[PDB]
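Written below as structure tokens is the structure these notes are about.
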Amino acid sequence: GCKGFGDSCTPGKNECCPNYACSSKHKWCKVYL
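Sequence positions in the sequence shown follow mature numbering (1 follows the signal peptide of the UniProt record, and there is no 0) and run 28 to 60.
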């Protein structure tokens, strides 16, 4: 399914679920708070 937190997601490709913000520094998933 989708990713969660601290997962390797690509920014612009929406690899993580619709509840996190993919970072562009090391391509990791994290909360948007």
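Don't be surprised by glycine CBs; every beta carbon is placed ideally from N, CA and C.
CA-to-CA, the gap between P38 and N46 works out to about 14 Å.
By the Cβ-count criterion, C29 is exposed, with fewer than 16 other Cβ atoms from all chains shown falling within 10 Å of its own Cβ. When DSSP states are grouped into helix, strand and coil, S35 belongs to the strand group. CA-CA distance, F32 to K57, rounds to 5 Å.
In the three-state DSSP reduction, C56 falls in the strand class (E or B).
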